[PDB]
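A.B. asks: Part one of the assembly, not moved from where it sits:
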Amino acid sequence: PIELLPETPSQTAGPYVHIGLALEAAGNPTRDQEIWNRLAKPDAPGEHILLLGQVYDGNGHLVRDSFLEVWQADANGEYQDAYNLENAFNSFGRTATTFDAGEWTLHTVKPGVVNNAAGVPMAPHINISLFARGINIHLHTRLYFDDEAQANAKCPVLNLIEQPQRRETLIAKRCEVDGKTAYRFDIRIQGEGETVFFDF
Amino acid sequence: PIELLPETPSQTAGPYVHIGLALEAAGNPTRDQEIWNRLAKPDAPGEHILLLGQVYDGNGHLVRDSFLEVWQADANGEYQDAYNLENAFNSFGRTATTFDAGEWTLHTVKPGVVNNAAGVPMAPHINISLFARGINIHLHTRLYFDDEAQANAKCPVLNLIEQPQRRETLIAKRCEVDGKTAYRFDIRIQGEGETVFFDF
Amino acid sequence: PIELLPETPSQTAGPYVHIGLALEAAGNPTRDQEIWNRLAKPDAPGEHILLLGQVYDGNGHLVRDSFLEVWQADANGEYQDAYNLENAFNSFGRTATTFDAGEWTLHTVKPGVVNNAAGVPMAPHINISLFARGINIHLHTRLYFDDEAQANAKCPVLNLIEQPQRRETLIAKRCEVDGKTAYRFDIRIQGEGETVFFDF
Amino acid sequence: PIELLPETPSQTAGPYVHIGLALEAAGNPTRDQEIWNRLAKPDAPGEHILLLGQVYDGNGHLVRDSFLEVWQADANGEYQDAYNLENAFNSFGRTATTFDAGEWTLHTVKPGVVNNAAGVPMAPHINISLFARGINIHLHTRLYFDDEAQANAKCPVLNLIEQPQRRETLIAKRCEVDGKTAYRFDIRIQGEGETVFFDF
Amino acid sequence: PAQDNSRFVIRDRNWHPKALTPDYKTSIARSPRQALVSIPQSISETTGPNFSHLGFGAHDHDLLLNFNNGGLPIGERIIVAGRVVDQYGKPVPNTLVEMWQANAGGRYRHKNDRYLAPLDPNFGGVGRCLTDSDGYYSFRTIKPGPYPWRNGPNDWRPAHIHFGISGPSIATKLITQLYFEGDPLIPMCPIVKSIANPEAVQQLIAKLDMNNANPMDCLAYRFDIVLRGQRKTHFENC
Amino acid sequence: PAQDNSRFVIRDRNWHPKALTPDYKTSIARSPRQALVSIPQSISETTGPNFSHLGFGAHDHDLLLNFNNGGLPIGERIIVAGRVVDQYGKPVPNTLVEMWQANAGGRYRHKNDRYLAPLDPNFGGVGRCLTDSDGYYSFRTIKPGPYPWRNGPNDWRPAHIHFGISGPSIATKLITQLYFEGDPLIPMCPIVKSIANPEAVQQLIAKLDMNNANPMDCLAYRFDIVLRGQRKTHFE
């Protein structure tokens, strides 16, 4: 068969991932411009939301050194790929769990609906890649929203998960953090309530 | 790199381990001198204690053919390597679980404090090696005491266990058995409450 | 390690090198345009100079079939790479030793100062490549001028020659030839007074 | 044939040999006890002498980074092998050329006569090993004395040198340094007047 | 905004390390036990950030100068350079390459590093750059030292530099580790050996590159990176 | 206004012939005995002549017509063609390639050649051209004959053509010799064997190139030339 060049193989981001990608969290000085967890300037269009979560290992213990990359459509359902700290909205961001509480946060807007390749609307979602010490190749998941139940039930991606109970692992819970609209999205890497992870 | 002679590889002690190392439990006559479960004659210095425990497999069932070897300091925190059935105290002994009840017992004294190689005091402990049918290489653990909370909190070995919840698995429970001070130390080889095992 | 394509290896220019690169000296007709030994037309800016020299082998005998290529800055210390027989000055030329006398000549201007890559001024110099029968790969040297003692003393190339006595081998001797300023630069390939040759 | 383990191969001592073996000369602090160039306390038995020399390469230039080890009998013809800074006399020492003048010095006594293995007396001599940048394996030589002409003419080691003219290269010249008895022993590694070097 | 105009060759997850590699002890509890759910590529997966407009500092790619507290870091001066291509051999231009590493003694500048070896007051250990229009990147740094870690009782990471590469989409994003030609620690490392195929491990080993060295100054190592092959869609929906 | 904006990969002087190769007798007295002195590259070394506006005659690259005295030269008609690239595989466009050779019988048109074989009145033995914008050059000539020479008592040069290539700087300038595929004289020649590594000698052997031949007219040989790798400065 036809064989291409092989992809460079993944390795763990390791415990000190923050040195390279989360400088403040490492305990270090930061550079003039950093890629971080505020996707939306306060006047960006759409509904401003906080996202937060914790990450659990197979023993039920917090993964306090995890690093997350996120990619989402803006409120109008458009992916803004020209990354710039001066943009009103970036579709891309990064966040990391605090070492004390094991909690990550992201400041963004609720994404608009985008269609899949066959033209079928997907429910509003945030694409997440999870990296950490002990994770040899990053885990892909999606964060969907519990107040989009009608959309979620018809999502052609959620519908590829055979068991409805597993679909529930991808639905963030609406809540309030300091009085502001928020959604909590905990990830369970392994075991009871294990979060769905994707390959594509 | 430099490669030495390879160590002779381990194999399971198997179900009939008692033939060799626990003659009475096999149903067999014993020799004049046996190495067994009474580390302290009644007159030895220190707090005299009974130790007992059961061993559980991954399905929560008793491991009735367990064989345990123990190594501990005397009451003054000194290891006594000159093994002799005349001694008032020996630092080494052997025990086994009974085939009906699955319980092992030891008669000893509470060990004194011994420093690690860097000079830091370790909490009172008994070193245990666990052998059985289905165990390919013996498992190392330590038995600490729930009435030494302050010392356990500062033990530099216990502090190498990353999760506090796992440290609890090495703490034996003080009780009374026939008016005498005892400690129960159960070992769970696998699953919920899995006992910490060491490599060194 | 990383290995690139190998360079095509050198070979001697051989005794009949003049067929290709010095047509008149071979006894042959020349073409309309030839690359030869007059780098400066009479009207070019700078001090006009005649250069001449002989080439000696290891037994002190003349190398009568030497071919020399030269590369030098104009009087303002600029290298002129656009070769054209119309130019008042070209930075490049070629010469050869005559078969009877063994002497080569060049007609040029004294080059101006040019800085090395670290910004340090080099003394005025002409870069020379020497080719001949019995020379398997050409020899690189530099011709400096005895009336630039202060500059020669501080040249960062000359100062890479560990022994002062060897530096003297690269200093051409000012004289007069038919009332005109000249410099003699003899090259000794081998033995006593052996000319410094460079690798770069 | 019988082949033993191969000797570890030599390599050059390199330009920075002084770091390890001539600390002061490197420009560095010295340790409490150093192996150096004063073989004799002032009251040691025998005739106290200064030795000095320079070392020349094949181009007649000073080898300013050479390092020499010496081994000689005491005045009574005895080799004192128990090295100690408190000895009246050490048979062993080390010296190195100064970088400015290229000159080494040694303070010692004239050695007494020792016999070769066949019982034949050797002329008074100092065994020298010469090390330096560019010397891949150290060069062995002997320093004999020009005021021992009768002894030198009968030396069974000098007599192994086929040519009398080469024997002359090993004879140090008596002189006076600051009014004190001295012998100068220059070494020519290569070329005209090349010093005899030994294999044994 | 971004458009769905391409597809990315499916990953070989037996070429990459698997999730559960128990000799690397932390992977046991941080690996899923359920199968990954495969999904088709959509615009969500075939697009990603481009960092052309990120503001880079002058020394962001130069670890010899980007943590300057009075002098130069102590250590083996090296250029680390190479090309980012996809599996079809096509250069990946204007892509973000990030790296992070320990200092010459194997100490990380990170609050959680308990190793005794000292910090270097002139070394931070992070760099970033964008590949050029032909896919090439380069960094200047010091060669990191190996360093001991609490896995087995005497485990040591080989000298290594952590790399992150964005590529054209979130589908292509990769974190990996560069190792150094001839390092005898490489075949002993349980993190290296998370990769089951030794030919795959070979792809992570940077080669000494004398042609790229600066004489009297610094050595150089070449590390080329291959991201997932990108192709146009064909015969879809129709 | 030539500028210092590149560096050239350091030469491998065990790939090239060394200076002292005593079986090639004339090298004994014409080789240095002191080591070369290494120096860093400066604008003096990293620049050189560009010959784009040297005036070439119509036939400068065609030895069958550039010495025309009323007929064609006698001998094996051949095209000699190839590419000039650097060690990174980059083409070297607009560079000067010069060549010289003996005639079909091994006779050079040079006053110092004492070999008895006759001159060919319609053959001179010199050519020159510039590589094109993709790095390719081509000459038309006759295959030179082998040459006896006073080295050992029965030494013969294999058939060969001398080549000079300027390249982008004086640092890249090279003189070399082309030899012809299969010539049994090649492994016997002390000039060839000045190159210690037989894999380096292989790089000098031109291959018969039937694809570039003109049927019923001339054969062709391919000779590719690799000059030193050129790269930008970095971290200087």
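C.D. replies: All right, it came through fine. Numbering: from 1, shown residues only, chains lettered A, B, ... in the order given.
A.B. asks: Now the residue nearest the centre of chain A. Its backbone dihedrals?
C.D. replies: In chain A, the C-alpha nearest the mean C-alpha coordinate belongs to residue A:128, at 3.0 Å (Cα atoms, centre = their mean). Backbone dihedrals for residue A:128, given as degrees, to the nearest 10, come out at phi -120, psi 140.
A.B. asks: Please apply the same query to residue E:210.
C.D. replies: Dihedral angles (degrees, to the nearest 10) for residue E:210: phi -70, psi -30.
A.B. asks: I figured it hits residue E:78, correct?
C.D. replies: No - under the criterion of Cβ atoms under 8 Å, residue E:210 is not in contact with residue E:78, lying 11.7 Å apart. Bear in mind the C-beta positions are built from the backbone N, C-alpha and C, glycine included.
A.B. asks: what touches both of the two?
C.D. replies: For the pair residue E:210 and residue E:78, residues contacting each of them under the criterion Cβ atoms under 8 Å, 6 or more residues apart in numbering or on different chains are E:219, E:220.
A.B. asks: Which one of these two is surrounded by more residues?
C.D. replies: For residue E:210 versus residue E:78, the count of surrounding residues by other Cβ atoms under 10 Å in any protein chain shown is larger for residue E:78: 26 against 15.
A.B. asks: Now the element after the helix or strand hosting that one, going C-ward?
C.D. replies: Remark: residue E:78 resides in strand E:77-86, with elements defined by DSSP states H and E. Remark: after strand E:77-86, the chain's next helix or strand is strand E:96-100, criterion DSSP H and E.
A.B. asks: The residue nearest to the centre of chain A - nearest residue in space that isn't next to it in sequence?
C.D. replies: Counting by Cβ to Cβ, 6 or more residues apart in numbering or on different chains, the nearest residue to residue A:128 once its immediate chain neighbours are dropped is residue A:141, at 4.9 Å.
A.B. asks: Same check on residue E:77?
C.D. replies: Nearest-residue entry for residue E:77: residue E:218, 3.8 Å, with adjacent residues in sequence omitted and distances by Cβ to Cβ, 6+ apart.
A.B. asks: so how far is residue E:97 from the one you found?
C.D. replies: 19 Å (Cβ to Cβ, to the nearest Å).
A.B. asks: Kindly report the same for residue E:207.
C.D. replies: In this structure, residue E:207 lies at 18 Å from residue E:97, with Cβ to Cβ as the measure.
A.B. asks: Another chain to add, chain G:
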Amino acid sequence: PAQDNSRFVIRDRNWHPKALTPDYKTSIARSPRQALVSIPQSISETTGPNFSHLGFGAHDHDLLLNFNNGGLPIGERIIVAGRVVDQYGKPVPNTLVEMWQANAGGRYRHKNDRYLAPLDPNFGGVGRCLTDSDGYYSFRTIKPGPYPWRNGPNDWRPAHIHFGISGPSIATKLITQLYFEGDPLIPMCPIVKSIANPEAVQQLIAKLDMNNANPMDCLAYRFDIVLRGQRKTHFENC
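C.D. replies: That brings us to chain G, laid onto the chains above:
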């Protein structure tokens, strides 16, 4: 005093580097052109200094502590250890082993080192010790960096430590260089290649020795040294 009681196996001077090795440029003018003159062994050659009574400082063998100006040197912490035996395999006890090296960045603490790489204020670069009664020695140090030198235009020494070993006589005294397992600079170095036989070069390459490492602390390398075989005289003079 010393007595003549032994003979030493003749050196193989095609196993050792020869004097004239022109790729190592400085050897051209510092090599003899006349043959060495062979002489029989006498007491002058078969005796030499014993250093049992030399006063060693407490840290003389420990380069991590013997140039202490306020902290630890920066670099890869290593033990360098091994055994000194003769060609018959017999241990050489109570013999002086000296070593010297550059710091982690390839800078020597020597006035004549023109390399730009910085000095380490806590690293000197010299050590010494005596082999024990069984022939074993050991040092603690940091792994030296490679460093560039003016031979060819882009020549770099592999990482190396200079060793001097006295042995039982002046006939056995040796200076040599230790190199490190897997270093890709080794086959490129004209000083290494002064040794014509690559099997001889193998003897200078120290092997990674994990069995001798201190976990969470330092790696270890093993370097065994073989001096000339010593035997009793037999059938002499008679």
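A.B. asks: The strand holding residue E:78 - contacts with which helices or strands?
C.D. replies: With contacts defined as 3 or more Cβ pairs under 8 Å, 6 or more residues apart in numbering or on different chains; DSSP states H and E, the packing partners of strand E:77-86 are strand E:136-142, strand E:219-222, strand E:225-227.
A.B. asks: and the second one, how far out from the chain's middle?
C.D. replies: Distance of strand E:219-222 from the chain centroid (Cα atoms, centre = their mean, to the nearest Å) equals 15 Å.
A.B. asks: mind exporting it as PDB, just the C-alpha atoms?
C.D. replies: Only the C-alpha atoms of strand E:219-222 are listed here, as PDB (Å, rounded to 0.1, in the frame of the first residue of the first chain):
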ATOM      1  CA  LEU E 219      27.200  23.400  17.800                       C
ATOM      2  CA  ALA E 220      24.000  22.600  16.100                       C
ATOM      3  CA  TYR E 221      21.400  19.800  16.100                       C
ATOM      4  CA  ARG E 222      18.700  19.200  13.400                       C
END
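A.B. asks: same for it, what does it pack against?
C.D. replies: On a contact count with 3+ Cβ pairs under 8 Å, 6+ apart, strand E:219-222 meets strand E:77-86, strand E:205-208.
A.B. asks: which residues are contacting stretch E:199-209?
C.D. replies: Residues external to stretch E:199-209 that are found in contact with it (Cβ under 8 Å, 6+ apart): A:6, A:8-9, A:11, C:1-2, E:15-16, E:79-82, E:176-181, E:186, E:192-193, E:195, E:219-223, E:226, G:184-185.
A.B. asks: who's residue E:99 bridged to?
C.D. replies: Partner residues in beta bridges with residue E:99, using DSSP bridges, are residue E:127, residue E:163.
A.B. asks: same question but for residue A:56, I mixed them up
C.D. replies: Taking DSSP bridges, one obtains residue A:62, residue A:188 as the residues bridged to residue A:56.
A.B. asks: Am I right that it is in contact with residue A:194?
C.D. replies: No - at 9.6 Å, residue A:56 and residue A:194 do not qualify as touching, with contact defined as Cβ under 8 Å.
A.B. asks: so what sits against both of these two?
C.D. replies: When contacts are counted by Cβ under 8 Å, 6+ apart, residue A:56 and residue A:194 have residue A:188 as shared neighbours.
A.B. asks: Brilliant, that's me finished.
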